[PDB]
Structure formats: C-alpha cells, structure tokens
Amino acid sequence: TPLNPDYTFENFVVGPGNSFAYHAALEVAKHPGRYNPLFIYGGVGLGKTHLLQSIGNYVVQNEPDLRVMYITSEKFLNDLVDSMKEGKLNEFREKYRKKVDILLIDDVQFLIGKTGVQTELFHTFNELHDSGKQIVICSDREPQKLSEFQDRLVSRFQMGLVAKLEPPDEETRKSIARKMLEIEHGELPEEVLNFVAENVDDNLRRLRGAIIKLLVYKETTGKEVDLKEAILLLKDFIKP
C-alpha cells in the first residue's frame, strides 16, 4: 500500500467544479460497498488521482483491517503481460481478486485498444462486484466516450456512481494554490500567489508545478521572489 500522503480529502479544496466528485469519493470511502462502483472522470490535472487515493488513505485509517489496492490501468496491463509470459495467471487473479477488498484503478484510458487486458479486467470487475468489493475507476474520458472499449466493460462503468470533475474558477484555484503551499511548507508574497493562481489556469498539476518551481528558486536565491521575477521564471506555465 504505497499511497501518497498528500492525496487525502483534507488536502482537497472543494468548489462548484469538483464538489460532487469530492462527495461521491468521501461517501464511497465511508461506506465501501454501498455504491459499486465509482467512476470518476475529468480532464488532466483536476483531482482524479488525488480523489482516488484519498478514498484509499481514508479507508486505511478507518478500516485498517482491510486490503486496499491502488493500481494503474497500465500496471494492470504490464502485470497481465508478465502473467502470460511467465505463465502465471493464478498469481495474478489471486492478487487482483482473492486478496483485495477495495480496488482503485487509475487512468483507465490506457486500456484503449488493449482489448486483451480489457477482457481480463472485465471479469476481475465482475468477481469483486459479486462479493461486495468496492471498485473505483478514474478516466480522463467518460464511459461513453472511451474509444475502442468493450461495451460490456463500459456498461460495468455506468452501473454505479459516475461523477465528473471540471476545472475550478479563479476563486477556488487560489484556495487550492494556498493549500498546495502548506503541503510544500513553502510561502509566497500574497501578491505572487495571486498572480500564479490567476494565470496558471490549465490544470492543477501545472499550477502546483509553478508553486514548486518558485519554491525551488526561493531555495537557491536565498532572498524572496518579487512579482516580476516569478513572471520570467513561470513562462512555460502561462503560454506553454
């Protein structure tokens, strides 16, 4: 269980664009099994991984007596492959079924075309579902918009909670920016953060990136960071 400490509900700032997703996740984490499965989806850097692992962490702290599994569709891929090569499907099925109560799968757009894996995932799904094991899937695209995907799988995705994340507004971004800071224990002029929060509006991966970037600079350059400085430093985040 190598979940990321930062990815918790506590470090997740809520807002109009990610509230429902947030609650679905929290609700499911409080009642693993009551809503199987949860399918969160949204563009890049919008909270998918973070939300998904929070469910993980939250359950680890309240249900320590549970086998929580976080994985990547890709790893699910690479894991099967070896299973086929090394010739050990059992080792695999025991690992992704037998020994898991809750299974969290990130970025499932990696299985597009991979109908081989798609099929295996399909049953893994069904077996966990027939035993009340919570399933959570994250995708950068909605069930219906997943190209080259077995309808039977896609049908497994919609048969439960299906939340959507959308980019946050300036106000919410700023609060996220502030929360990102704490996590990194950094600090910034209540005018630089504002500038960053307002112009690094793609995804939250980059927003934090900038916030890290400066901090790394405020590191070397023993002195602070004035507005003008940050603007040159953050040139690949405003018009990348």
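Numbering starts at 1 and runs along the sequence shown.
Participant: Decide which of the stretches 41-49 and 196-204 has the higher mean C-alpha B-factor, going by the entry.
Facilitator: Between 196-204 and 41-49, it is 196-204.
Participant: Give the stretch, out of 211-219 and 28-36, with the larger mean C-alpha temperature factor in the deposited entry.
Facilitator: Going by the record's values, the stretch with the higher mean is 211-219.
Participant: Comparing recorded Cα B-factors across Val81, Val100, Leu146, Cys138, which one is largest?
Facilitator: Result of the comparison over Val81, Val100, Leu146, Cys138: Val100.
Participant: For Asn4, return the chain-relative third of its C-alpha B-factor as stated in the PDB record: lowest, middle or highest.
Facilitator: Ranked within chain, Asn4 CA B lands in the middle tercile.
Participant: Is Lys88 in the lowest, middle or highest third of its chain when residues are ranked by C-alpha B-factor?
Facilitator: Its C-alpha B-factor, which the entry lists for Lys88, ranks in the highest third among residues of this chain.
Participant: Consider only the C-alpha atoms of the modelled residues in this chain, order them by B-factor as the entry records it, and name the third containing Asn62: lowest, middle or highest.
Facilitator: For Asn62, the deposited C-alpha B-factor lands in the highest third.
Participant: Of the three thirds of its chain by CA temperature factor, lowest, middle or highest, which one includes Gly186?
Facilitator: Middle third.
Participant: Using the B-factors in the PDB entry, rank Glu120's C-alpha atom against the chain and give the third, lowest, middle or highest.
Facilitator: Tercile = middle for this residue's CA B-factor.
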